[PDB]
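In: one piece of my complex first, more on the way:
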Amino acid sequence: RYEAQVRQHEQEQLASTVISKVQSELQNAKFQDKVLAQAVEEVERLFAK
Amino acid sequence: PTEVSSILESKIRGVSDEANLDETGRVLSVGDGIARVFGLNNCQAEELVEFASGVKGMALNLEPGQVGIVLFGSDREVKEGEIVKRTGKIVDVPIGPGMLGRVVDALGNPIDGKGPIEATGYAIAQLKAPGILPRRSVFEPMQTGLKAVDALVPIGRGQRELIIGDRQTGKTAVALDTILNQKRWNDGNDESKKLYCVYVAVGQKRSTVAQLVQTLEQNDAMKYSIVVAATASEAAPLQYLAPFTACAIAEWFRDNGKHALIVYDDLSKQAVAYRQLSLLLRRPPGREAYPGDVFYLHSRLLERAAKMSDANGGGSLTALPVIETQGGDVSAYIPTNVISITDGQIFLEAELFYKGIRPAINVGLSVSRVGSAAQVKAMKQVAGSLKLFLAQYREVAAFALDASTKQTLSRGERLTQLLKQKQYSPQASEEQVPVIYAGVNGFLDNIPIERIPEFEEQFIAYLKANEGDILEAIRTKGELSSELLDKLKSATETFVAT
Amino acid sequence: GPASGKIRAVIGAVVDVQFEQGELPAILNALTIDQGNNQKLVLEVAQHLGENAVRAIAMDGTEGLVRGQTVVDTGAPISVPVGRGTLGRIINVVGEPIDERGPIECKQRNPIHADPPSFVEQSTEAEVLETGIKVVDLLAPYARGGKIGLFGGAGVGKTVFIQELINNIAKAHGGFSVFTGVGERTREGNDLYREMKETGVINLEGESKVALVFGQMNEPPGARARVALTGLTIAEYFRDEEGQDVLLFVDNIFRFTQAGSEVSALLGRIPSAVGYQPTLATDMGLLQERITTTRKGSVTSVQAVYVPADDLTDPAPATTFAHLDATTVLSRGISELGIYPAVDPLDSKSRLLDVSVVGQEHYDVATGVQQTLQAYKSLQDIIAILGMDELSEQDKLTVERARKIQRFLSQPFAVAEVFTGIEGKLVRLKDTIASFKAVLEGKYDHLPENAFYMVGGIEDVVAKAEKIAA
């Protein structure tokens, strides 16, 4: 029970730090995220046409 | 094993690739457990929907320009102007052999924390029952473990036995003892004698559902039993659809070649949840503030639990509905509708339950339609006229010293105390046939009234060491001929004098 | 091409069809909808909402229909097979066979919606019908060619009363039978077909004389309400076009009014008493008037009514009592005492209970037995509180004779041999009148009360008292 609680606390603490780093990277004006979001919309509409 | 978190992150990276094809539109208003969706022209009737916050919905009425969607969750997860999502299918749930050992909910999602359920298909909740060509007579025996249920009103595979009664009388206790008594046949290799339980707790509290699942796992009974958790703290659509979702999962075993036992606890809680959603949609309330389709909701779900023929697989489905009466009123609106569709009932009076007679099974009220031919031949031969002698002894004792009345009062008191078992103490067919044969032949009249509990434990232990050939023949063959009847009378007479 | 429509609204059993052309369908019109299972669908028109749109009622499940589906009109009502080809087969509400024995090769197909007989085509009679029970051949006697009602609650004895009368009257009637079950159980339909084939009623490889109509409570509301019209159309053709004494057996008759009340709220109608439909007396009178005896043939209707939560003052039980010649009310209080069945003598009444049809001897025995039971029931407040010792000399003898007369009329049926354990007793009309007159005169006052319970006539009461005293 102590080994499972230590593994669950380490996985929950590591997931909280990775979620905070992903939100801070998107607020720093990512130039690669803006170009990839526009190209994904044109490729999805052409496959269903 | 070697970074287990890296295996789940790689498989969940690429999944969303095509989910932008109009489909559903948006909503307009929401309230009283409903959601007036504006649009969705391609949505069919009784189809599954999804809100923007993740709440499921069911499009009931679809008029021109609007569509009435019934939310299965809270009203705070749907607002005005939120986009909807059409699933494309109807109200279905998961089924198959992989659901044995997990506690599912109303929509089929696991709530026990054991991960996903390995389902082998997807069956709809609103399924039609079989006709007269794919049905057969009930002939298999359903052992419940109780001595007063296996001899009076016995149950069979494919029949519907109701369990009426008041609160704190023995309604939920009769269904829990029948599921735990099937461990002697499900742990072996006989697939025809096994019966998968299906507990559908609808209307119960949150603490009562967690305590009942822990008691079945400690006695090796939760490995082959489906648990449908449906508390009263959820929406009104989740509790009303708990009866239809539990019947679809148990129907897969009857259509393939296995037996199933469904326990809808309780039937009175399901009628109150269906009336809440109908009263908010501006409907007509009939008797006891119920709609016109109150009798059709319980008759359609109970008609599917029938016994199939040899050309359909040979399986059957047993239904055990518990009716919660209000002060013993068996002539109510919800009480008369369940008794007219089931083949027998088990009345639980609150007067005999407080005196020590557990369970309080009335012989003059509870009966079984297809319970005579769907019983064991060894228990029916030893209990000759057991149902007729139990009802006549209760009426004579309530009005009472003659010579004829003294013989019926002494024999009737010993038979009622010996058939009353404790909680979580089920007996087999071989042990109950030896105890019922001594009380009907006059072998227990010389014993005292307080020694009725001590005589049952002493006779069962002596018959399993000094006469093992007579106990094994009654369970394998299931009947007793001339040689088996003479050996049982000689062993009971020698043990009663010592 | 036929008249095609488009589905505009769908709320349960009600499906509004919007026709694009000006030729809209009429009322009670069969509408077909294309699906994907080699069966299509069935829909009956109810009313018209206007603006080239009529509200129809589907006869099956409406799950899977989208807004804008093609709905073709057949041009007429829901037709069913009639004649001698429907005998022995299990038909449905739309006339299709459900017995898996091929299609019904019928010459003509009459509709389910038809008018009843007029006042000039009616034919009244007063022929008594012997059933075999001791409580029915003396109290409320049934009439040949009339409507019989078996009212009762849940678990009283409504299904067992219709099964015992069909095995001792319909087996030697000569004419064809019509067992149309509406709102029954799933196990009751399979058990009734297997028992009739082993006795010589429904022969699959020979000649049959009993029409079976499916329609349990597992279907939708449109199939349960239309189950009574499909079964009555086959029995009406055998008495008018052929001239035969048909026997209509409905089980139960209360399911026809309860199925229409659930769909009346979605059609625009306001609710009535106890949440029922406003056209309760108009819908029940149009179907009960067509199952009567005419000049071409008779029709003995033996339906059974269901009491709502043990209440005879409901809107579905009190409205059906004015369209039956003989009634058989089954009380729930007498069923728990040991009466088989619970034939209440103070509530059962018939029109054939007179001295001009049963004779002067049978009329005096019926009035004397009913007068003794009414005196003991009115004095039940003093016997249950003070006791039986508070009565006088005249009241003490009447209380003992009333208890033995109530148990003597309860005879064990042949179909209930597995639940009672005794054999089936079928007393005649002449033996039941002679046994009741001798017990009321003082010739059987020395016998016990248990010697007459679950017996036959005067011969079975004397043999049971001698065996219990030995």
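Out: Great, that's in hand. Numbers count the residues shown, from 1 in each chain, chains lettered A, B, ... in the order given.
In: pull stretch C:70-87 out as CSV, backbone CA atoms only.
Out: Output of stretch C:70-87 as CSV, limited to C-alpha atoms (Å, rounded to 0.1, in the frame of the first residue of the first chain):
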residue,chain,number,x,y,z
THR,C,70,-40.8,7.9,-47.1
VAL,C,71,-44.2,6.8,-45.9
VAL,C,72,-46.4,5.1,-48.6
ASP,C,73,-50.1,4.7,-48.1
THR,C,74,-51.9,1.5,-48.9
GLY,C,75,-55.2,3.1,-49.7
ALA,C,76,-57.2,1.1,-47.1
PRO,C,77,-57.1,-0.1,-43.5
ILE,C,78,-55.1,-2.9,-41.8
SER,C,79,-56.5,-6.0,-43.5
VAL,C,80,-56.2,-9.5,-42.1
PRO,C,81,-56.8,-13.0,-43.3
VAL,C,82,-60.3,-14.5,-42.8
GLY,C,83,-62.0,-17.8,-43.6
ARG,C,84,-60.9,-21.3,-42.8
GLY,C,85,-57.2,-20.6,-43.5
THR,C,86,-56.7,-18.8,-40.2
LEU,C,87,-57.7,-21.8,-38.1
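In: how about that stretch, does it reach chain B?
Out: No: using C-beta under 8 Å from any C-beta of the partner chain, stretch C:70-87 stays clear of chain B, coming no nearer than 14.0 Å. To be clear about C-beta, it is placed using only N, CA and C from the backbone, and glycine gets the same treatment.
In: now do the buried residues in that stretch.
Out: Buried residues in stretch C:70-87, counted by 16 or more other C-beta atoms under 10 Å in any protein chain shown: C:71, C:73-74, C:77-87.
In: try stretch B:154-167
Out: Neighbour count says stretch B:154-167 has B:154-166 buried, by 16+ other C-beta under 10 Å.
In: now, those residues that are in strands?
Out: The strands, defined by DSSP state E, take in B:155, B:156, B:163, B:164, B:165 from the buried residues of stretch B:154-167.
In: quick one: name the residues of chain A near chain B.
Out: Within chain A, the positions lying close to chain B (C-beta under 8 Å from any C-beta) are A:11, A:44, A:45, A:47, A:48.
In: one more, chain D:
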Amino acid sequence: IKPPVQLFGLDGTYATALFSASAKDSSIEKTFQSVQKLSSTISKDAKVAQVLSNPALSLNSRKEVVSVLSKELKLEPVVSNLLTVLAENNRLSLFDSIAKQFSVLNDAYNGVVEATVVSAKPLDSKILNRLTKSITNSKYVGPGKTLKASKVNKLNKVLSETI
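Out: Let me add chain D to what's already shown:
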């Protein structure tokens, strides 16, 4: 003639009923400019909107007497019959719903919609929406697109719920 656009059934049937008689002899282009003048002189003016919420009037300034409220405005053909039906049936309070439903009929049979993300779409007037959406998505992604979203928020919430 009924076009497949549904548009409710009770409140949206006001503009759909008058569109059948106005679609003859080419009388659909003049109805678009005449319907915009009736709503712009009864909303942002605060002068002729004195009887918009009151239940009085009763044939005093709504119908019959108009002159400057019909001839001097922009009504001469079938535009005068649309305001007379709303005054007798007490439907002058919802003038914005009748004018908005008339513009949706011309944009459905002679145009397109289906907005993807960010702002509006292109609203072509070719034929099918298969070849029109693929040729307009590549020309609009390069030109403009400030990106100041929906797909990035859904993927981040699914990873935190499985922790």
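In: any idea how far residue C:141 is from residue C:357?
Out: 8 Å (C-beta to C-beta, to the nearest Å).
In: which one's more surrounded, these two?
Out: Using other C-beta atoms under 10 Å in any protein chain shown, the more surrounded residue of residue C:357 and residue C:141 is residue C:141, with 23 against 16.
In: any idea how far the closest residue to the more buried one other than its chain neighbours is from residue B:39?
Out: Leaving aside its chain neighbours, residue C:141 sits nearest to residue C:352 (4.6 Å; criterion: C-beta to C-beta, 6 or more residues apart in numbering or on different chains). Distance of residue C:352 to residue B:39, computed by C-beta to C-beta: 65 Å.
In: if we can go back for a sec, shared neighbours of residue C:357 and residue C:141, anything?
Out: Both residue C:357 and residue C:141 are contacted by residue C:128, under the criterion C-beta atoms under 8 Å, 6 or more residues apart in numbering or on different chains.
In: show the contacting residues for the residue of the stretch 151-300 of chain B found nearest chain C.
Out: Residue of the stretch 151-300 of chain B nearest chain C, by C-beta to the nearest C-beta: residue B:286 (2.7 Å). The contact partners of residue B:286, taken as C-beta under 8 Å, 6+ apart, are B:292, B:294, C:261, C:271, C:274, C:275, C:276.
In: farthest pair in those?
Out: Across these, no pair lies farther apart than B:294 and C:271, at 13.9 Å, counting by C-beta to C-beta.
In: how about the secondary structure of residue 20?
Out: Picking chain A for this. Secondary structure, DSSP: H, G, I helix; E, B strand; the rest coil: residue A:20 is helix.
In: ah, I was thinking of chain D
Out: helix.
In: from residue D:5, how far out is it?
Out: For residue D:20, the distance to residue D:5 - C-beta to C-beta - is 13 Å.
In: one more: residue B:492?
Out: On the measure of C-beta to C-beta, residue B:492 and residue D:5 end up 87 Å apart.
In: ditto for residue C:197
Out: For residue C:197, the distance to residue D:5 - C-beta to C-beta - is 59 Å.
In: quick one, helices of the chain?
Out: Here I'm looking at chain A. Remark: helices assigned in chain A by DSSP state H are A:2-26, A:31-47.
In: that was the other one, I meant chain C.
Out: Ranges of helices in chain C, per DSSP H, are C:158-166, C:186-197, C:221-225, C:227-240, C:255-264, C:280-288, C:360-378, C:380-383, C:393-408, C:417-420, C:429-439, C:458-468.
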